Amino acid sequence: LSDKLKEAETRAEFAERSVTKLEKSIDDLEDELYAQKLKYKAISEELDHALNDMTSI
Amino acid sequence: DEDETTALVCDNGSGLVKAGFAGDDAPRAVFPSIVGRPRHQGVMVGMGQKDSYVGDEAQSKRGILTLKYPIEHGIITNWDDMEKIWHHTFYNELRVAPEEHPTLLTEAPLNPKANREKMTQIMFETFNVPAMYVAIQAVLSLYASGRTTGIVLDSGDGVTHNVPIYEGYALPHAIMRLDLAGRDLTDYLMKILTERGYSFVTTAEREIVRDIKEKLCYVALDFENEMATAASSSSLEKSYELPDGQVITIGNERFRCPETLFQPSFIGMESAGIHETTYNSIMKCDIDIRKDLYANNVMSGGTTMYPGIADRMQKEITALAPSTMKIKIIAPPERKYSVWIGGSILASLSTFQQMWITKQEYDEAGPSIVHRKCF
Amino acid sequence: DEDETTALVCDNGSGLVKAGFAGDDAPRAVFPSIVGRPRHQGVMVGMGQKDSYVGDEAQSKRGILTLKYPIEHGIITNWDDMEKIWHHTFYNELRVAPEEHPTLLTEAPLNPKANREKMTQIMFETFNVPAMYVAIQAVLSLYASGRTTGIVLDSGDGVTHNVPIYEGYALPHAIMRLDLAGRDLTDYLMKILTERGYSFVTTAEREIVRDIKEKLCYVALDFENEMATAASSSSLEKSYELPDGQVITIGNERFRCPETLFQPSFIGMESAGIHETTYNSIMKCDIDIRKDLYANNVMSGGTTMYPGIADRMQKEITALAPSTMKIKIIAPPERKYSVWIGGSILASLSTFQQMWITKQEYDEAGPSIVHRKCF
Amino acid sequence: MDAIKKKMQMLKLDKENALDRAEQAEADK
Amino acid sequence: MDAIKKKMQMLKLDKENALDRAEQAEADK
Amino acid sequence: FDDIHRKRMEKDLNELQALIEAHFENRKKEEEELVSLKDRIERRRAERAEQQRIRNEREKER
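Residue numbers (my numbering), protein chains in the order written: chain A, 1 to 57; chain B, 1001 to 1375; chain C, 2001 to 2375; chain D, 3001 to 3029; chain E, 4001 to 4029; chain F, 5001 to 5062.
Shown next as structure tokens:
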């Protein structure tokens, strides 16, 4: 039990570490990703918005 | 799904097959003219796996398939593969079994008779089509474009045909058939990209180069000046994303490949290019024909969608043509998709119902009948 | 030690380095394109010991070295190791210095341009050669064999090129560059000898297998028959003695390896074999060319020295080729080293002395100059 | 630029046709 | 984009000018 | 015929205005809702992360 606990505690730490590491890489992913997400579509949107108007000549 | 025995229509090239039904103004589906086969020994058990894959299946599973094209330079050399393509093309996606509907297939005006005979035989004996017709691609292009007169350049993957038609009449003595085509342009690009450090030798690699060409290449209005800058500076280079995340950067090769249409010597071809091929067809027609053909250079088939080609072909003919005369190219956005559309137009004309070979006349005469009935 | 400013000639491939002076009929010395480096920590003091070893030094001290080849299937990437190979080739073998002699190097016709530019740059900037000339291996292969017309089958360690030349002209659209070579045969043999219970995975083991291949292998005229007997009886087995005294007995692997040249699928390659690429390179040429190319299929490079290879390819080409016409393979004893000889022939032609890049033009333009000056 | 692809065809065709008319209108004499 | 604005207006003008020239020249001829 | 061209301009300009609005508004709605939502998700995750770091320190003392 001590070894299973050490392994489970080690794994509790590694798995929780992986969870907070991924929650962080995901946040750091998603947050940087939303930046792309919010600006790639807004830039391309607004480019397309502008295109409707850019082409009004 | 259909409520009438409308003919089914297909334009089967050495590249792709466009398909839909007679009476429409567009194909409903497009398939590559490809049948793929695995080149590896199966190790796992119970993973399905076909003996061969067809059309889009062949490309989707291509990682381990060798991909073959049943059509070369305008004709079918492998009709067992075309039967699988036609089942898929007519029944799996369009959802119509030819057994209850007439079928129209297309060919170049000088296309070997053996090919129109097999197209007729296959649809009557394998698909039990009630009727057949094999159409001239030039006729179909002119119908779709709203012309009865012009030089039809069908400049696709297989062969460039180049046929003058005036007031609906063929002028066959002025046909400049040329063995210069889109498949050769691709082969040239593979060799010049090899010079740049990106060798392509396998099927997957060949299909990548054809994708590079279709997305990055152009002919340019003025090749030598465009090359002078593209070959000297990164400012005219464009990248392409390869399937594995790697990239290729391409300079003058971007237009040097398409240029083979105007400079066939790049692939060892004895030709002055597609614009002299076009010009000579006009030149060989009667003097009161020439004015209408100069005013009607008709664009159909592939390669007609390269940037700079519509403007380049009108300029190149103008440069060969007499002064005073107006040289004009017929090259709308619906350019090239004119051959499929014409198949639909012809199949559905009231003046063309008597031109269908029925599966009556067919069995009494055999497939050689197409040579007597289609034109 | 030379009494004239004769050009130096060297074939720096993925396998061997061949070198001598222009005007001779053979390289004076041949050794592997290898630069070796210690893979162990030193413990004795005052032992000398180099950071890197070159050529025969690399093989002589290989017990503790990892050995690398700077040329990758025909292209130079590790130019720093090649500077060491050239310095060794010129100064410790030929006893010449490029500074006092113009130098000729060679590559395949579809070899990436980077190879010719880097070879030019190093010989001018680190060796101060007064002039340079990058030759085509196909040109040199036909000069050595005595042809102006024929197919160059240069099937060596790096890449098989397959190029038709007619009356001294290239017919480039028909070149079938193939990723099938002597280098793949060495690795394939390591894998099939593993099947026999003798695993080979390391550099020393690879050098042992390259020696087994070079001394025991052949292709045979009839593969399946040779296979059936080799797989059934000890009468077709041959032993090999390893450097450490071990003995390996090899049966059908003796030819199954080399057979990959005709059946590339053995190593996972999408190819019909070297006889089909030879055949198609001719079939893509005009009919007034084909009559001369089929009668002159010319061998150059390694693997062409295998028993049954000229007869095996001639048989397959003949089987694919039309009748009446004669099909022949030219396979002179000056094999594997004939491209070097061709280099000597080119370097010494009076008609070639205007083809040199001088070390004036070079510095004004930079190494890209080779792309315009050589061919 | 879909708007342009079609407007481009419209204007090139309309100006070319108008120009062809301008040239013929005078050239006919 | 300048290319589209400048040429759409110039090609539009070639058309309008050519159209007027056709009418004018036709009236003369 | 020229009515086709007029119809094309009518649909393209009705579409242009619908588009200038849809292009911008679909992004402003999705994008501002997304950052507002994920600004909160980001803050909530950061708060939870701090709380877990504190929880880990407390267990280490235990």
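For every residue, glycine included, the Cβ atom is placed at its ideal position computed from N, Cα and C.
Expected contact under 8 Å - CB spacing of residue i and residue j to nearest Å
i       : j       : result
B/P1027 : B/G1036 : The Cβ separation is near 22 Å, so there is no contact.
B/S1033 : B/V1043 : Between B/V1043 and B/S1033 the Cβ distance is about 31 Å, and since that is not below 8 Å, they are no contact.
C/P2102 : C/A2131 : 4 Å
B/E1117 : B/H1371 : 7 Å
D/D3028 : B/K1326 : The pair is not a contact, with the Cβ atoms about 13 Å apart (cut-off 8 Å).
A/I57   : E/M4010 : Their Cβ separation, rounded to whole angstroms, is 10 Å, which puts A/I57 and E/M4010 out of contact at 8 Å.
C/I2329 : C/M2313 : 6 Å
C/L2104 : C/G2343 : 5 Å
B/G1251 : B/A1231 : 6 Å
C/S2145 : C/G2301 : Contact flag wrong, Cβ pair sits at about 12 Å.
B/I1267 : B/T1160 : About 13 Å; that fails the 8 Å criterion.
C/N2115 : C/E2107 : 5 Å
Under 9 Å between C-beta atoms of residue i and residue j
i       : j       : result
B/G1015 : B/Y1069 : yes
C/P2258 : C/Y2306 : yes
C/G2150 : C/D2292 : yes
B/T1194 : C/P2172 : no
F/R5027 : A/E45   : yes
B/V1219 : B/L1261 : yes
C/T2304 : C/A2331 : yes
C/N2296 : C/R2147 : yes
B/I1248 : B/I1212 : yes
C/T2203 : C/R2062 : yes
B/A1365 : B/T1006 : no
B/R1254 : B/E1237 : yes
Within chain D, partners of residue i - CB distance below 9 Å
i       : result
B/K1326 : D3020, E3023 and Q3024
Contacts of residue i in chain A (Cβ-Cβ under 9 Å)
i       : result
D/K3007 : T55 and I57
F/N5026 : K41 and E45
Alpha-carbon spacing of residue i relative to residue j, whole angstroms
i                       : j       : result
B/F1090                 : B/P1098 : 7 Å
residue 1458 of chain B : B/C1010 : The structure shown does not extend to residue 1458 of chain B, since chain B is modelled only from 1001 to 1375, so the question has no answer here.
C/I2075                 : C/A2319 : 35 Å
C/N2012                 : C/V2339 : 11 Å
E/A4025                 : D/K3012 : 21 Å
C/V2139                 : C/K2373 : 16 Å
C/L2180                 : C/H2073 : 10 Å
C/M2123                 : C/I2071 : 16 Å
C/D2184                 : C/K2084 : 26 Å
C/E2270                 : C/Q2121 : 36 Å
B/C1285                 : B/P1164 : 8 Å
B/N1128                 : B/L1094 : 17 Å
C/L2349                 : C/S2141 : 15 Å
B/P1322                 : B/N1280 : 13 Å
B/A1310                 : B/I1357 : 37 Å
F/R5053                 : F/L5034 : 27 Å
F/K5038                 : A/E23   : 13 Å
Listed by chain order, chain D residues near residue i by CB distance under 8 Å
i     : result
A/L51 : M3001 and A3003
Chain-ordered neighbours of residue i on chain I, where CB pairs are closer than 7 Å
i       : result
C/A2114 : Among the protein chains of the structure shown, namely A, B, C, D, E and F, there is no chain I.
Proximal residues of chain C, C-beta to C-beta of residue i below 9 Å
i       : result
B/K1213 : The premise fails here: B/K1213 is roughly 16 Å from chain C at the closest Cβ pair, so nothing lies under 9 Å.
B/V1035 : Residues of chain C passing the Cβ test: none, with the nearest at roughly 16 Å.
B/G1251 : Result: empty, since nearest Cβ-Cβ is about 12 Å, beyond 9 Å.
B/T1066 : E2270
Residues that residue i contacts on chain D, provided the C-beta gap is smaller than 7 Å
i       : result
B/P1038 : In chain order: nothing, as chain D lies at least about 41 Å away.
B/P1332 : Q3009
Cross-chain neighbours of residue i in chain F, by beta carbon under 7 Å
i     : result
A/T20 : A5049 and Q5052
Proximal chain A residues relative to residue i, where beta-carbon distance stays under 8 Å
i       : result
F/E5061 : The contacting residues do not exist; F/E5061 stays about 15 Å from chain A at best.
F/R5043 : Result: empty, since nearest Cβ-Cβ is about 10 Å, beyond 8 Å.
Per-residue contacts from residue i into chain C (C-beta, under 8 Å)
i       : result
B/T1203 : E2270
Partners in chain B for residue i, counting only beta-carbon separations shorter than 9 Å
i       : result
C/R2177 : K1191, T1194, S1199 and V1201
Beta-carbon neighbours of residue i, restricted to chain C and to distances below 7 Å
i       : result
B/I1267 : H2173
In chain order, each beta strand (DSSP E) run of at least 3 residues that lies wholly inside the segment 1231 to 1294 of chain B | Complete beta strand (DSSP E) runs here, min 3: 1238 to 1241 and 1247 to 1250.
In chain order, each alpha helix (DSSP H) run of at least 4 residues that lies wholly inside the segment 2030 to 2114 of chain C = When DSSP assignments are scanned along the segment 2030 to 2114 of chain C, the uninterrupted stretches of alpha helix (DSSP H) that are 4 or more residues long and fall wholly within it turn out to be 2056 to 2060 and 2079 to 2087.
Ordered list of beta strand (DSSP E) runs contained in the segment 2296 to 2373 of chain C, each at least 3 residues | Listed in chain order, the complete beta strand (DSSP E) runs (minimum 3 residues) inside the segment 2296 to 2373 of chain C are 2297 to 2299.
Which ranges would you report for the beta strand (DSSP E) in the segment 2163 to 2221 of chain C if only whole runs of at least 3 residues count?
-> 2163 to 2166, all fully within the segment 2163 to 2221 of chain C.
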